[PDB]
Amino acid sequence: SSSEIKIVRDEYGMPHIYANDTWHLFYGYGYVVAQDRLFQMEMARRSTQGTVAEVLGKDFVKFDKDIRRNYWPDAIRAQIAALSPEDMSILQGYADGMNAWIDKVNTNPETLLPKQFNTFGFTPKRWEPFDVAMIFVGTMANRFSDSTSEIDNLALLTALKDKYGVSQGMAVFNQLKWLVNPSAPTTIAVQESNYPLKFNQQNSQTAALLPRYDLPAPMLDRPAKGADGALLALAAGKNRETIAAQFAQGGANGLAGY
């Protein structure tokens, strides 16, 4: 049927959705996600939109501000508003599917409400296309494709120039944080191709143009976590000291790592 959605789960409980149009297919997907992972998805939603403190309290206020400061929701909404009917159906069907199960949950919470909602003291609300998009946008883009430490690098460069003088400071910066290194093992062999844009020390003009930077490197202000993976919610001062100690000890592999 046009209206029919068939959900088959295998022996490991993995769902297979059978539907005849885009909206129905993604509705089936959202429905099974709400069945399997409603608490996880709710918390991911709050994580991606900076609404964790609303249910977990004061320890997540800085976290919520940091999430909100790192994106511009109206721009995401304008992207969604521009979608063709077929593309919008993916997001809307998904949200609509989640909602159908969420409504069933809030109608018979005694057996269908994930236990964690009782433990954390709140109940799940409906999803919109923006919420679905924000799971992705807030994870893959705003966190995992948003890596820069240029202000920290400027802080390090200011210190290197102070220790070694201007040209040597810059040359030591190039030794520690090279632009490119021809001996790096590359996924594509050099026999196949090479990147046509040649970046080198010689031509740079912008490093000379900036102000000497003396505030604390911003990497020291990321919210510190402990061994359980929980946020420590520290004073600004103890946070910086925790990150420095964690980073000196474990670097990128450690607690204050990447």
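One-based numbering along the sequence shown. Between two forms, the rigid core is defined as the largest C-alpha subset superposing within 1.5 Å.
Peer 1: Which stretch is less alike in 8 other deposited structures of this protein, 90-98 or 151-159, counting RMS CA distance after the rigid core is superposed?
Peer 2: Most displaced of the pair in 8 other deposited structures of this protein: 151-159.
Peer 1: Fit on the core, then compare CA atoms: does 166-174 or 126-134 lie farther from this form in 8 other deposited structures of this protein?
Peer 2: This comes out as 166-174, the stretch further from the shown form in 8 other deposited structures of this protein.
Peer 1: Determine, for stretches 74-82 and 108-116, which one has the higher mean CA B-factor as deposited.
Peer 2: Per the PDB record, 108-116.
Peer 1: On mean C-alpha B-factor from the PDB entry, just flag whether 221-229 or 24-32 is the higher one.
Peer 2: The stretch with the larger mean CA B-factor is 221-229.
Peer 1: Which one of 190, 209, 38, 52 shows the top CA temperature factor in the record?
Peer 2: Among 190, 209, 38, 52, the PDB entry lists the largest C-alpha B-factor for 209.
Peer 1: Taking the entry's C-alpha B-factors for this chain, is residue 166 in the lowest, middle or highest third?
Peer 2: It falls in the top third of the chain.
Peer 1: C-alpha B factor of residue 244, ranked within the chain: lowest, middle or highest third?
Peer 2: Top third by C-alpha B-factor.
Peer 1: Taking the C-alpha B-factors as the PDB entry records them, is residue 63 in the lowest, middle or highest third of its chain?
Peer 2: Ranked within chain, residue 63 CA B lands in the lowest tercile.
Peer 1: Which third, lowest, middle or highest, does the CA B-factor of residue 197 fall in along this chain?
Peer 2: It falls in the top third of the chain.
Peer 1: Can you tell me which third, lowest, middle or highest, the CA B-factor of residue 14 falls into for its chain?
Peer 2: Lowest third - that is where residue 14 ends up once the chain's C-alpha B-factors are sorted.
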